[PDB]
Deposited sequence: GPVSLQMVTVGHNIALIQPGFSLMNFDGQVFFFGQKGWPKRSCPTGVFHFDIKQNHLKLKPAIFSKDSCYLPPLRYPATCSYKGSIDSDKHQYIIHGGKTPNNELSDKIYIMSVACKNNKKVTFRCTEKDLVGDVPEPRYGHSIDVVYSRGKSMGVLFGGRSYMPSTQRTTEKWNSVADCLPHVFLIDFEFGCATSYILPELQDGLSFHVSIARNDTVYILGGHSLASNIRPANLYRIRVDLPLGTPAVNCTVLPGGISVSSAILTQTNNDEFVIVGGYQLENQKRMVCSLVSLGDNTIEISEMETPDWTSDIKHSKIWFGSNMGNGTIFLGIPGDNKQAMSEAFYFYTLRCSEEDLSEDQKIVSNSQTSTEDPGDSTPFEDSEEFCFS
């Protein structure tokens, strides 16, 4: 668990809060740049490689059959197993919410340069309204694949939305959304266990269950210390979703999750309170039928991280987190660190 400072190249400005990282065969890539793509990199997707604590962001190109998705902030991101990535919702540089979903897949890797395929997936049925700050995960039940989507935020509906509060945001209804990528349909489920709206939580997916951790509820304005298990059954008939509360849940919004080994993940970062950052880290051990959350040794944070009001980060993939804190202003706007496990 070693904290390490990182330097950045000419295009350090691209990196903003709400950015995303995707892992394709150990090569990390970057998505969600600040501002619209420029002639330097039209796709907005970057090869993100740190070599000896120096990070270079290099442009990647798309396939001929690809969509040019806009940069998205706070989308729900998921990894699908042939390896591909799902992006749903998020904010565009124009502050719109996109209802679209995109699939990112490696098209070609000749001479250690990667061409990506970005295809838009049409979705019919009970489509979730456009959202940010929400989780999407893929579950496996009885040799069947299903997508789960929960929580988040959006703007008020057109009937009630007014220009004076044009930007006001509210939690989406806490309906669990099954989304089958094979057919392009989505099914909504209302559950008694899930009464409040929730955003900026952590999602961990094992087999047919997805655990919901922390998050923030806008109406209540509380960061609840609760854990929710959501099991999905895929029989020949219509799937059924059952939820269970399991006490001993962490209280944190905006936390970052990384997988150290199979079945053990680390949760770091995020906020305990609006003005209080969560400096502790928690270890999750998963059982086929059980989940374990254990306090672990806190890292050796620097005085910058300790006294920052805000921090943001994403998972790089091989148990290493890329963290960012607001930096000095005339210099570079943000200071970046890498935390290994």
{"property": "Deposited positions lacking CA coordinates", "result": "1 to 2, 84 to 89, 339 to 341, 353 to 389"}
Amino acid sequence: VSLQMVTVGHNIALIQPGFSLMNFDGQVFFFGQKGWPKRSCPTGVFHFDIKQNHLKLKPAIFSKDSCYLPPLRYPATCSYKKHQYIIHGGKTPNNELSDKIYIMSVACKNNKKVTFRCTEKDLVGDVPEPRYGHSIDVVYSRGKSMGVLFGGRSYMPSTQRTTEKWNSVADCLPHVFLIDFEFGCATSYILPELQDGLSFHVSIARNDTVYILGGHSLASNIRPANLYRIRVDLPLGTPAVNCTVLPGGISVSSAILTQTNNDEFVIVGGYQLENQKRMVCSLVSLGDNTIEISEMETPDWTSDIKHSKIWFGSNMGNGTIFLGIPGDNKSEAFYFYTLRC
From here on, numbers count along this sequence of modelled residues.
{"query": "Given 296 to 304 and 63 to 71, the range whose Cα B-factors average higher in the PDB entry", "finding": "296 to 304"}
{"query": "Of 163 to 171 and 111 to 119, the one with larger mean CA B-factor", "finding": "111 to 119"}
{"query": "Maximum C-alpha temperature factor, selected from 153, 142, 100, 91", "finding": "142"}
{"query": "Selection by C-alpha B-factor (highest) of 260, 95, 77, 253", "finding": "260"}
{"query": "Residue 181 - Cα temperature factor, lowest/middle/highest third of chain", "finding": "highest"}
{"query": "Entry-reported Cα temperature factor of residue 57, expressed as the chain third it lands in", "finding": "lowest"}
{"query": "Third assignment of residue 237 from its chain's C-alpha B-factors", "finding": "highest"}
{"query": "Residue 45 - which third its CA temperature factor falls in, relative to the rest of the chain", "finding": "lowest"}
{"query": "Modelled-residue ranking by C-alpha temperature factor, third containing residue 215", "finding": "middle"}
